[PDB]
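**Student:** My structure is below; once you've seen it, I'll send some questions.
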Amino acid sequence: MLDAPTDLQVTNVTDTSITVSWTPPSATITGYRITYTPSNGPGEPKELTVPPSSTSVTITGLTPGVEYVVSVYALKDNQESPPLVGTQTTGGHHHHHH
């Protein structure tokens with residue numbers, strides 16, 4: 001049972017992407033799982049995974065102009081931490097797209 005990563009930082013944001021960084025937990029870890037969904041979505045999210053050497057990830061294909069909830073879970077084998085949770089609105093709310 002595993003402590004959560006800390007200090008979610010958004011280092012870049014576009015109309016369709018977010019770059020997400022975090023600080024590792026104190027535990028030995030074997031990966032991270034990242035979920036993302038709009039706050040206004042039914043709420044079951046999309047999921048990605050990364051190796052433990054990744055303490056940042058860029059999420060693409062996002063909807064412009066909406067608040068996303070990003071949740072980062074540390075993994076240790078079959079085990080997962082509670083998530084580190086932060087929010088970010090993508091660019092372009094008042095702009096057309098294509």
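Ordering of the structure tokens sets the chain letters (A, B, ...); residue numbers start at 1 within each chain; ligands are numbered from 1 in the order shown.
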Env of segment 18-33 of chain A: 10 Å cut, atoms = only C-alpha atoms, seq-sep filter 4 positions within chain, self excluded. Answer as a VMD selection string.
**Tutor:** chain A and resid 1 to 14 47 to 62 68 70 to 81 83 to 84 86 88 to 91
**Student:** For the residues selected in the previous step, produce a file with C-alpha atoms as a short mmCIF file (atom, residue, chain, number, x, y, z; two decimals), in the first residue's frame.
**Tutor:**
```cif
data_model
loop_
_atom_site.label_atom_id
_atom_site.label_comp_id
_atom_site.auth_asym_id
_atom_site.auth_seq_id
_atom_site.Cartn_x
_atom_site.Cartn_y
_atom_site.Cartn_z
CA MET A 1 0.00 0.00 0.00
CA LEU A 2 1.43 2.74 -1.54
CA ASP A 3 1.79 6.53 -0.98
CA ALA A 4 0.69 8.93 -3.70
CA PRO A 5 2.83 11.09 -5.92
CA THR A 6 2.82 14.81 -5.04
CA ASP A 7 2.89 18.32 -6.51
CA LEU A 8 1.04 18.07 -9.81
CA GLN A 9 2.41 20.71 -12.19
CA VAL A 10 1.17 21.69 -15.46
CA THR A 11 4.10 22.78 -17.60
CA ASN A 12 2.29 23.27 -20.92
CA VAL A 13 -1.23 23.63 -22.24
CA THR A 14 -2.68 23.94 -25.70
CA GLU A 47 -6.39 5.82 -18.75
CA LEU A 48 -2.76 5.63 -19.74
CA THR A 49 0.29 4.04 -18.13
CA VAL A 50 3.96 4.94 -18.06
CA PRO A 51 7.16 3.41 -16.68
CA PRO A 52 8.35 4.59 -13.25
CA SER A 53 11.12 6.56 -14.90
CA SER A 54 8.42 8.85 -16.38
CA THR A 55 7.59 11.63 -13.91
CA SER A 56 5.93 13.67 -16.65
CA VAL A 57 3.52 12.77 -19.43
CA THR A 58 1.80 14.71 -22.21
CA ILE A 59 -1.86 13.96 -22.82
CA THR A 60 -3.10 14.67 -26.34
CA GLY A 61 -6.34 14.58 -28.25
CA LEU A 62 -8.20 16.67 -25.74
CA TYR A 68 -9.97 18.26 -17.25
CA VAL A 70 -5.97 14.55 -14.14
CA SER A 71 -5.29 11.76 -11.61
CA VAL A 72 -1.85 10.17 -11.15
CA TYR A 73 -1.56 6.82 -9.34
CA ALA A 74 1.74 5.24 -8.30
CA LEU A 75 2.00 1.52 -9.01
CA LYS A 76 4.02 -1.20 -7.29
CA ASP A 77 3.35 -4.45 -8.97
CA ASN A 78 -0.35 -5.18 -8.46
CA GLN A 79 -0.75 -2.35 -5.95
CA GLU A 80 -1.83 1.30 -6.53
CA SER A 81 -1.67 4.48 -4.41
CA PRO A 83 -4.31 9.43 -6.74
CA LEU A 84 -2.65 12.81 -6.97
CA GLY A 86 -5.32 18.31 -10.24
CA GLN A 88 -6.60 22.17 -15.96
CA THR A 89 -8.72 23.87 -18.61
CA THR A 90 -7.52 23.37 -22.18
CA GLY A 91 -7.07 26.39 -24.48
#
```
**Student:** Looking only at strand (DSSP E) from DSSP on the backbone, list the matching residues of segment 9-87 of chain A as an MDAnalysis selection string.
**Tutor:** chainID A and resid 9:13 18:23 31:38 46:50 56:59 67:76 79:80 84:87
**Student:** Residues as selected, C-alpha atoms, written as a tab-separated table (two decimals), in the first residue's frame, can you do that?
**Tutor:**
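That gives us result07.tsv:
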```tsv
chain	number	residue	atom	x	y	z
A	9	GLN	CA	2.41	20.71	-12.19
A	10	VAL	CA	1.17	21.69	-15.46
A	11	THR	CA	4.10	22.78	-17.60
A	12	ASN	CA	2.29	23.27	-20.92
A	13	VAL	CA	-1.23	23.63	-22.24
A	18	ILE	CA	-1.61	19.14	-21.42
A	19	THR	CA	1.87	18.27	-20.09
A	20	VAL	CA	1.53	16.90	-16.52
A	21	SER	CA	4.61	16.45	-14.04
A	22	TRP	CA	4.73	15.13	-10.51
A	23	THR	CA	7.06	14.22	-7.66
A	31	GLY	CA	4.99	2.49	-12.81
A	32	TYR	CA	2.34	5.19	-12.88
A	33	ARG	CA	-1.23	5.17	-14.14
A	34	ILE	CA	-2.70	8.49	-15.28
A	35	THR	CA	-6.40	9.09	-15.85
A	36	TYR	CA	-8.01	12.09	-17.45
A	37	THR	CA	-11.60	13.17	-18.05
A	38	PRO	CA	-13.54	16.41	-18.30
A	46	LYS	CA	-9.55	7.55	-20.04
A	47	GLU	CA	-6.39	5.82	-18.75
A	48	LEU	CA	-2.76	5.63	-19.74
A	49	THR	CA	0.29	4.04	-18.13
A	50	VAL	CA	3.96	4.94	-18.06
A	56	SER	CA	5.93	13.67	-16.65
A	57	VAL	CA	3.52	12.77	-19.43
A	58	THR	CA	1.80	14.71	-22.21
A	59	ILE	CA	-1.86	13.96	-22.82
A	67	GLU	CA	-11.73	21.63	-17.50
A	68	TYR	CA	-9.97	18.26	-17.25
A	69	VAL	CA	-9.36	16.26	-14.08
A	70	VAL	CA	-5.97	14.55	-14.14
A	71	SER	CA	-5.29	11.76	-11.61
A	72	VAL	CA	-1.85	10.17	-11.15
A	73	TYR	CA	-1.56	6.82	-9.34
A	74	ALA	CA	1.74	5.24	-8.30
A	75	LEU	CA	2.00	1.52	-9.01
A	76	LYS	CA	4.02	-1.20	-7.29
A	79	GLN	CA	-0.75	-2.35	-5.95
A	80	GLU	CA	-1.83	1.30	-6.53
A	84	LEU	CA	-2.65	12.81	-6.97
A	85	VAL	CA	-5.43	14.96	-8.48
A	86	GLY	CA	-5.32	18.31	-10.24
A	87	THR	CA	-7.35	20.22	-12.79
```
**Student:** Please, what distance in Å, to one decimal, runs between atom CA of residue 17 of chain A and atom CA of residue 63 of chain A?
**Tutor:**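 Calculated distance between atom CA of residue 17 of chain A and atom CA of residue 63 of chain A is 8.5 Å.
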**Student:** Quick check, in Å to one decimal: how far apart do atom CA of residue 40 of chain A and atom CA of residue 93 of chain A lie?
**Tutor:**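 It comes out at 14.3 Å.
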**Student:** Of the candidates A:65, A:82, A:92, A:97, which shows the shortest atom-to-atom distance to residue 39 of chain A, using only C-alpha atoms?
**Tutor:**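 Ranking A:65, A:82, A:92, A:97 by distance to residue 39 of chain A, first place goes to A:65.
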